[PDB]
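Read the single chain below, which is given as structure tokens and is the form deposited in one PDB entry.
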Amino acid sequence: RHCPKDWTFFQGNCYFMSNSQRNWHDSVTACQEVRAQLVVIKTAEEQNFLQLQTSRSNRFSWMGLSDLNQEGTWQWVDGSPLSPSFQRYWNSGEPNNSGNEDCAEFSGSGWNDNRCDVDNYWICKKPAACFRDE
């Protein structure tokens, strides 16, 4: 199974680590432009994959998670809630809402809540295909 050039294959999906920095809303749009989605994490193994991808490039990166709803709870850009077994991935002391932080990112060894208006790297996810989707 194939991924586009400069996407990474992991367990049937393709992952794009951005070369540029954009705000969270612009990162949502950027992933949609390439038939993809600002990354929604579905399994522990996927989180482990992504956390090490980001940790080693030492890059802070947007994921598809925000509390921009009425409840103020963390929900994925596909509308699914943050499951209890993922609360462990927040960094020590996070989320801390330090300056109106509604958008989740990879930060060091876990997750951070950041201001949505910050320019950050991002990761897109789409299914692997029989062809390279350029």
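Between two forms, the rigid core is the largest collection of C-alphas that superpose within 1.5 Å. Residues that one form lacks are left out of the comparison. Throughout, we count residues from 1 along the sequence that is shown.
Another form, the form deposited in another entry, is not on view; read the next lines as being about it.
After superposition on the rigid core, the C-alpha displacement between the shown form and the other one reaches 2 Å or more for just one residue among 75, 97, 48, 32, namely 97.
In that other deposited form, the Cα atoms of residue 97 and residue 118 sit 3 Å or more farther from each other than they do here. Between this form and the other one, the CA-CA gap for residue 97 and residue 59 widens by 3 Å or more, being larger in that other deposited form.
Core superposition between the shown form and the other one reveals the following runs of 3 or more residues with every CA shifted by 2 angstroms or more: 69-72, 96-99.
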